[PDB]
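Methodologically, a virtual Cβ is constructed for each residue, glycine included, from the backbone with ideal geometry; neighbour enumeration extends over all protein chains shown. Please treat every number below as a calculation from the coordinates, not as lab data.
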Amino acid sequence: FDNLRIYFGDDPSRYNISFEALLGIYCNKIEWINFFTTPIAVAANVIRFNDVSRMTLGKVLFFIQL
Amino acid sequence: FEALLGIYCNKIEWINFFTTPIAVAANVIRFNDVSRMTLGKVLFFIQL
Amino acid sequence: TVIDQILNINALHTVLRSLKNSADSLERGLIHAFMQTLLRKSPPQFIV
């Protein structure tokens, strides 16, 4: 399995590697919070926009029939 | 689990007995029952 | 599998290597015991 045969090399003598001990710690993928997945996003309407800094939005006024 | 690797070396130099010049003093013959040999002796017959 | 192959191979190499080292030590023991016997036998030069 010569891709796996890094160990003991290409020489019959004077070159073989082993190991005394081993050790292992991994790292996790942390948890998953998407906005539209989480149930706070019902209270919000989300509008994609390109430049909030560049044009100023005020007087958003709503016309209401009664 | 990752390993703490170590490496051996296998070069131990090879001494043949008959290569070294101690074997011109020596004269070595195998005999597989020298463990069973109690006394070996040679006998010399000198006359003057 | 994983690690067991390499522990197997290194155990085989440990056995073969220690046998080679012991054979070399038997050869050097032959050297040393023959030299020991010559030093037991040899009287010094002024006596001779």
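So the values come out like this:
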| item | result |
| --- | --- |
| Ranked by how many other beta carbons lie within 10 Å on average, peptides B:36-43, C:25-32 from highest | C:25-32, B:36-43 |
| Cα convex hull of the protein assembly as shown - mean projected area over all directions, nm² | 29.3 nm² |
| Electrostatic dipole magnitude of chain A [Cβ: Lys, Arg +1; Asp, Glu -1; Cα centre; debye, to 20] | 600 debye |
| q = 0.16, 0.18 Å⁻¹, chain B: log10 I(q)/I(0) [Debye, one scatterer per Cα] | -0.83, -0.91 |
| Rounded tilt (10° steps) of C:4-41 against the dominant C-alpha axis of chain C | 0 degrees |
